[PDB]
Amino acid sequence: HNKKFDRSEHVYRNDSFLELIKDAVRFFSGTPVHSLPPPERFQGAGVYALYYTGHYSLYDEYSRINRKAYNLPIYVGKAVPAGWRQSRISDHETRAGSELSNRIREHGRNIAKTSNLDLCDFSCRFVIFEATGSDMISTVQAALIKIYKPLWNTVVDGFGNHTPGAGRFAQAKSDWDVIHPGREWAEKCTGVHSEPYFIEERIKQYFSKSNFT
């Protein structure tokens, strides 16, 4: 330190930044909706949201909530640019990844692999954040989860996992995997996972119990 303690001198407010985030959020909400995955590959990093309109019994309510419009996402995710560990040198030119697009395609493949969900019942929205604006990517994703409370982000976790891998097989298969088998790596997880009965009830409770702030 070398200097006295005082909480107040460390508080940061910027209401302007709060408006800026609201703006990115409302821009997200009105971007075009596509099939999962979108008809074309593209470059960029950003945020995306997945919507359900099918009739799988635990999720049937989405067919009504999302009947006339894409109102409530089941999942919101992100893909942050390859911006890594850095030392901006050579390290030659080779520019422009397709991180957002790949992740969207990846999540498509996981749903394809399940028995009980059909990919044709999913749709998506996404927003590309470029350059310096890419710093905002994980805060837009958090802002969207806070407004929508997507089921797969806040109740039935696990959709977001890539393969835990060999160094991690002792872990329990996630609630998403237990009600939507089978990504095959999920069958190599040896830990104690939750029982379908208790996940089913949580999903029901999601819909029946009011979530309005």
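Start at 1 and count along the sequence shown; that's the residue number.
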Averaging the C-alpha temperature factors as deposited, the higher value of 29-37 versus 142-150 falls on 29-37
Regarding 38-46 and 171-179, which shows the higher C-alpha temperature factor on average in the entry? 38-46
When the entry's CA B-factors for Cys124, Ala96, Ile74, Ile128 are compared, the highest one belongs to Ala96
Taking the C-alpha B-factors as the PDB entry records them, is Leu20 in the lowest, middle or highest third of its chain? middle
B-factor third for the C-alpha atom of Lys78 within its chain: lowest
Would you mind ranking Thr53 by its C-alpha B-factor against the rest of the chain and naming the third, lowest, middle or highest? middle
Quick tally, chain-level thirds of C-alpha B-factors: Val156 sits in the lowest
CA B-factor ranking of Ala186, expressed as a third of its chain: middle
